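Peer 1: Before we start, here is the structure in question, set down as structure tokens.
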Protein chains: 2
Amino acid sequence: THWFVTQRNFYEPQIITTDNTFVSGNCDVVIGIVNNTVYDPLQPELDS
Amino acid sequence: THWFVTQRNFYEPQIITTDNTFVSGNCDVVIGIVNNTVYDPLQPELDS
Ligand SMILES: *[C@@H]1O[C@H](CO)[C@@H](O[C@@H]2O[C@H](CO)[C@@H](O)[C@H](O)[C@H]2NC(C)=O)[C@H](O)[C@H]1NC(C)=O
Ligand SMILES: *[C@@H]1O[C@H](CO)[C@@H](O[C@@H]2O[C@H](CO)[C@@H](O)[C@H](O)[C@H]2NC(C)=O)[C@H](O)[C@H]1NC(C)=O
Ligand SMILES: *[C@@H]1O[C@H](CO)[C@@H](O)[C@H](O)[C@H]1NC(C)=O
Ligand SMILES: *[C@@H]1O[C@H](CO)[C@@H](O)[C@H](O)[C@H]1NC(C)=O
């Protein structure tokens, strides 16, 4: 049900954030891309 | 005219930000250092 990002050689699930991932292109080009939510750690810091 | 940062093996220009670069030293030591503007993605989030 949930999506995580792990190191390749050892299972260690982390919450998918903007500090784990980078942005390039859009979803109309990558084959097999999946919808999910990426957590932004700066948003609740701004809100609080 | 403009300055970008790209991976060395494939031309893919990106906006020079504090997440693409690291700070060390000052302008008076590096030979050939060039003036430019480094974008900070946190400033417009703080301002908005
Ligand atoms: C991922 O979400 C996007 C929208 O956030 C979905 O794209 C939509 O597709 C439906 C049906 O084709 C359209 O009614 C919407 O107008 C589309 N929105 C956009 C922004 O394109 C996409 O289908 C979702 N991906 C999957 C496979 O679930
Ligand atoms: C980069 O911009 C700085 C200004 O922020 C320039 O530094 C000035 O240049 C001359 C002296 O070299 C005078 O305007 C000031 O005394 C300098 N300021 C400081 C604090 O160094 C610098 O010359 C510019 N570099 C280039 C090549 O344009
Ligand atoms: C994987 O292959 C199946 C066919 O067995 C297809 O239905 C599915 O869309 C494919 N998914 C991706 C990400 O290529
Ligand atoms: C590069 O070479 C030119 C001569 O063609 C010289 O004017 C310039 O100062 C040099 N710059 C550096 C950083 O060595």
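Going through the structure tokens in order, the chains are called A, B, and so on, while each chain numbers its residues from 1 and the ligands are numbered from 1 in the order shown.
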Select from chain A every residue with an atom at most 10 Å from any atom of ligand 3, then for each give the shortest pair of atoms and their distance in Å to one decimal, using only C-alpha atoms and all ligand atoms, rows by chain and rising number, as a Markdown table.

Peer 2:
```
| residue | atom | partner | partner_atom_place_in_ligand_line | distance |
| --- | --- | --- | --- | --- |
| A:30 | CA | ligand 3 | 13 (C) | 9.7 |
| A:31 | CA | ligand 3 | 13 (C) | 6.5 |
| A:32 | CA | ligand 3 | 13 (C) | 3.6 |
| A:33 | CA | ligand 3 | 13 (C) | 6.9 |
| A:34 | CA | ligand 3 | 13 (C) | 8.3 |
```

Peer 1: Residues at most 9 Å from residue A:38, counting only C-alpha atoms, excluding those fewer than 3 positions away in the same chain, as number ranges by chain?

Peer 2: A: 15-18, 21

Peer 1: Give me the RMSD in Å over all C-alpha atoms, paired in order, after least-squares superposition of chain A onto chain B.

Peer 2: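 Here the RMSD amounts to 0.2 Å.
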
Peer 1: With only C-alpha atoms as the counted atoms, please give the residues lying no more than 10 Å from residue B:14, apart from itself and same-chain residues fewer than 4 positions off, as a list in words.

Peer 2: residues 24 of chain A; 3, 4, 5, 6, 7 and 20 of chain B

Peer 1: May I have the residues from that selection written out with C-alpha atoms, as a tab-separated table (two decimals), in the first residue's frame?

Peer 2:
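Produced file part-v5.tsv, reproduced below:
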```tsv
chain	number	residue	atom	x	y	z
A	24	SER	CA	13.71	16.06	-13.67
B	3	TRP	CA	25.33	30.34	-15.85
B	4	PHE	CA	24.11	26.78	-15.16
B	5	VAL	CA	25.37	23.65	-13.43
B	6	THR	CA	25.28	20.36	-15.32
B	7	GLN	CA	26.46	16.79	-15.04
B	20	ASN	CA	23.57	22.22	-6.23
```

Peer 1: Could you give me, as JSON lines, a per-residue list for chain A showing, wherever an atom lies at most 12 Å from an atom of chain B, the closest pair of atoms and their distance in Å to one decimal, using only C-alpha atoms and sorting by chain then residue number from low to high?

Peer 2:
```
{"residue": "A:18", "atom": "CA", "partner": "B:19", "partner_atom": "CA", "distance": 11.2}
{"residue": "A:19", "atom": "CA", "partner": "B:19", "partner_atom": "CA", "distance": 9.8}
{"residue": "A:22", "atom": "CA", "partner": "B:19", "partner_atom": "CA", "distance": 10.5}
{"residue": "A:23", "atom": "CA", "partner": "B:14", "partner_atom": "CA", "distance": 10.7}
{"residue": "A:24", "atom": "CA", "partner": "B:14", "partner_atom": "CA", "distance": 9.8}
{"residue": "A:25", "atom": "CA", "partner": "B:12", "partner_atom": "CA", "distance": 11.0}
{"residue": "A:40", "atom": "CA", "partner": "B:45", "partner_atom": "CA", "distance": 11.8}
{"residue": "A:41", "atom": "CA", "partner": "B:42", "partner_atom": "CA", "distance": 11.6}
{"residue": "A:42", "atom": "CA", "partner": "B:42", "partner_atom": "CA", "distance": 8.4}
{"residue": "A:43", "atom": "CA", "partner": "B:45", "partner_atom": "CA", "distance": 8.6}
{"residue": "A:44", "atom": "CA", "partner": "B:45", "partner_atom": "CA", "distance": 11.6}
{"residue": "A:45", "atom": "CA", "partner": "B:46", "partner_atom": "CA", "distance": 9.9}
{"residue": "A:46", "atom": "CA", "partner": "B:46", "partner_atom": "CA", "distance": 7.1}
{"residue": "A:47", "atom": "CA", "partner": "B:46", "partner_atom": "CA", "distance": 10.3}
```

Peer 1: What residues in chain A get the DSSP label strand (DSSP E or B)? Please answer as number ranges by chain.

Peer 2: A: 4-5, 14-15, 17, 39

Peer 1: Work out how far atom 28 (O, counted along the ligand's line) of ligand 2 is from atom CA of residue B:1, in Å to one decimal.

Peer 2: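 Interatomic distance here is 13.9 Å.
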
Peer 1: Between atom 9 (O, counted along the ligand's line) of ligand 4 and atom CA of residue B:13, what distance in Å does the model show, to one decimal?

Peer 2: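 Separation between atom 9 (O, counted along the ligand's line) of ligand 4 and atom CA of residue B:13: 25.7 Å.
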
Peer 1: Going by DSSP on the backbone, which bits of chain B are helix (DSSP H, G or I)? Write them as a PDB file with N, CA, C and O atoms, in the first residue's frame, please.

Peer 2:
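Here's the written file selection-v6.pdb:
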```pdb
ATOM      1  N   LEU B  42      14.656  28.690  -0.487  1.00  0.00           N
ATOM      2  CA  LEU B  42      13.960  28.842   0.784  1.00  0.00           C
ATOM      3  C   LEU B  42      13.470  30.275   0.972  1.00  0.00           C
ATOM      4  O   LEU B  42      12.506  30.517   1.710  1.00  0.00           O
ATOM      5  N   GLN B  43      14.123  31.234   0.313  1.00  0.00           N
ATOM      6  CA  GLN B  43      13.701  32.631   0.408  1.00  0.00           C
ATOM      7  C   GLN B  43      12.274  32.874  -0.072  1.00  0.00           C
ATOM      8  O   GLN B  43      11.517  33.544   0.652  1.00  0.00           O
ATOM      9  N   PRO B  44      11.837  32.400  -1.245  1.00  0.00           N
ATOM     10  CA  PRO B  44      10.442  32.667  -1.633  1.00  0.00           C
ATOM     11  C   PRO B  44       9.428  31.895  -0.807  1.00  0.00           C
ATOM     12  O   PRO B  44       8.289  32.355  -0.656  1.00  0.00           O
ATOM     13  N   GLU B  45       9.802  30.731  -0.270  1.00  0.00           N
ATOM     14  CA  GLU B  45       8.914  30.039   0.658  1.00  0.00           C
ATOM     15  C   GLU B  45       8.746  30.828   1.951  1.00  0.00           C
ATOM     16  O   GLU B  45       7.641  30.905   2.499  1.00  0.00           O
ATOM     17  N   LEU B  46       9.833  31.418   2.455  1.00  0.00           N
ATOM     18  CA  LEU B  46       9.726  32.252   3.649  1.00  0.00           C
ATOM     19  C   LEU B  46       8.948  33.531   3.364  1.00  0.00           C
ATOM     20  O   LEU B  46       8.178  33.999   4.211  1.00  0.00           O
ATOM     21  N   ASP B  47       9.136  34.110   2.177  1.00  0.00           N
ATOM     22  CA  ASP B  47       8.480  35.374   1.856  1.00  0.00           C
ATOM     23  C   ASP B  47       6.988  35.180   1.606  1.00  0.00           C
ATOM     24  O   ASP B  47       6.175  36.027   1.993  1.00  0.00           O
TER      25      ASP B  47
END
```

Peer 1: Using only C-alpha atoms and all ligand atoms, which residue out of A:11, A:28, A:2, A:39 lies closest to ligand 1?

Peer 2: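 For ligand 1, the nearest of the given residues is A:28.
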